[PDB]
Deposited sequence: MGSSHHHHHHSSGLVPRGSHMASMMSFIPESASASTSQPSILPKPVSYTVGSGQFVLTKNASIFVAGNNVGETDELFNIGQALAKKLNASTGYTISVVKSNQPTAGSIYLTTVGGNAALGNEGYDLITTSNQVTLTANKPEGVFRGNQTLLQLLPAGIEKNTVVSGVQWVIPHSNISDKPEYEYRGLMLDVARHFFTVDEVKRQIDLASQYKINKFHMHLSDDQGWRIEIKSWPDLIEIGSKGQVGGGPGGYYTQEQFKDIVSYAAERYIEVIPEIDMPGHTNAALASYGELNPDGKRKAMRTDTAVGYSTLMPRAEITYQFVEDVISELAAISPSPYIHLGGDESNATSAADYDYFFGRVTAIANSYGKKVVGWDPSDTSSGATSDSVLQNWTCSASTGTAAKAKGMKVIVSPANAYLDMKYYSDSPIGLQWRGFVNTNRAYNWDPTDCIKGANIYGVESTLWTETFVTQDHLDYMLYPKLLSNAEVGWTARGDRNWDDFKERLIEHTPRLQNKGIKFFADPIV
């Protein structure tokens, strides 16, 4: 047999350039039969759970769906608590879910008279709703009313569940600041592709972005800049709670990161007492990494960390806090081991499990409940994690979405090489680490060179679609030629959402 890899498309990107569902990520099964369902102005969404509490949760999910459908159709679809759906209805139920599909799995069966989504849990109804939106015609994704499109769904049968439990996106809001609205938008867009985790990189050398009432100068001084100089910004604790709540409506866990002991210049610029000479560091607006450190043998360091963790824990319902641990090149190995162990004890005392970048798993203070975020993806990375029974989240080069698509990309870094839409697809988590308990995947969007929402869109779309499928779709069912053609077909949907995507010439 004959095989080949993909080159660039002759005459340019199909994303330029180019009854038809566009499901991404690819579901476990999808078959189409004869006939179609028509969504009309009289349609209702019916919801029914196994008890009144569950029905109430489904009702909220139904309302979220109704809102989305209403925006593009111009209809006023309402939600009804009843297990007796009427012809032309969408029906969302957890009664009799297939347990093998797990918390996030679902069946979605469309007949001529009815759309029925059957899941084990409300979470699965939410995920299945993302597929339902992709079964309706392009135009359904519009935020304004679309005329001249019949709102049809082919008679079809879908079953689905994720391959990995953790399918995340990290946004760096330290290097450049993004508004609550901008953050909510990225969470919303990601949710449509079954991303279920959002990691906020809230602090680094160039800025500190979370209000800490016990150390107010973290904001008064530490938030006032960013890469390239200029105003910066921050989130109040109320704003952070608002982000968490918004994510929760999409069944997205928010994991906040306070990077330590490295990547700490903004803290060091805020409080002189965190420095050996007792003086504040000057703020840094460059893009160098690795140079900064907390004082690993000063008790004030651990008091500071405890105050930050106490306040963050109080406002962050996730059982996880990310404490960073990358590129502590001004911290000795001995001090790093000691420091990371001490801060893990603090986090645990406030009821939080610790996530950390490699090599944080090597800390003698880690527990089997700690999580390794494996970004290095070398043969030796996560040796400690594996021996300790720690879950691993992988973030290989293929998941570093801040990398340029190509040598000539106008934004992005390139220290992990270039990552086009194909590279973002053609990998497997088991490539990064062998013999581990792989919790899942996280796409990291560092922001050294991204200033505007358009920059975020350009780099995340279509790259994040590739990573999302790697997290959701089983390896045996992943195929670039398949995904590429599906992505071409999906393009109008990106346009309709107002995503300022890159029309990748390999698509």
- Message: Numbered from 1 along the deposited sequence, what ranges are absent from the coordinates?
- Response: 1-6, 25-36
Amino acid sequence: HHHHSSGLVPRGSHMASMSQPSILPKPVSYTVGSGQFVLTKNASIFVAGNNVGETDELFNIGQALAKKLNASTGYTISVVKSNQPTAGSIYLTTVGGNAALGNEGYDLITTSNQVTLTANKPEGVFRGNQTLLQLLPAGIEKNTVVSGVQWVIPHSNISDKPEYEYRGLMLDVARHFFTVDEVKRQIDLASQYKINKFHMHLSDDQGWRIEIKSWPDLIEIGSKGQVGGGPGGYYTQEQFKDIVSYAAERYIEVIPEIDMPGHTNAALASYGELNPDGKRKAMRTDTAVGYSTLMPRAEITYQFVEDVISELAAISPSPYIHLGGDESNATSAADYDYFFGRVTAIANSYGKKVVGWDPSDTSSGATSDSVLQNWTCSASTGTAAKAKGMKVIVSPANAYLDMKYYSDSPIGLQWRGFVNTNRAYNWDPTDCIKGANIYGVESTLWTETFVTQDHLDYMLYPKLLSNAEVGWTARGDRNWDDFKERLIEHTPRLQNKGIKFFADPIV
From here on, numbers count along this sequence of modelled residues.
- Give the stretch, out of 426-434 and 387-395, with the larger mean C-alpha temperature factor in the deposited entry. 426-434
- Taking the deposited Cα B-factors and averaging over 30-38 and over 45-53, the higher mean is found in 30-38
- Message: For the CA B factor values reported in this entry, which option in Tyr91, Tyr400, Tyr75, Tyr166 has the top one?
- Response: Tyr75
- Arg127, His263, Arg209, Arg284, ranked by C-alpha B-factor: the highest one: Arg284
- Task: Pull the Cα B-factor of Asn70 out of the PDB entry and bin it into the chain's lowest, middle or highest third.
- Result: highest
- Message: Which third, lowest, middle or highest, does the C-alpha temperature factor of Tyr235 belong to within its own chain?
- Response: middle
- Note on the structure: On the chain's distribution of Cα B-factors, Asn479 falls within the third called middle
- Task: Going by the recorded CA B-factors, say which third of the chain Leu132 sits in, lowest, middle or highest.
- Result: middle
- Message: Please say which third, lowest, middle or highest, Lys121 falls into when its CA temperature factor is compared across its chain.
- Response: middle
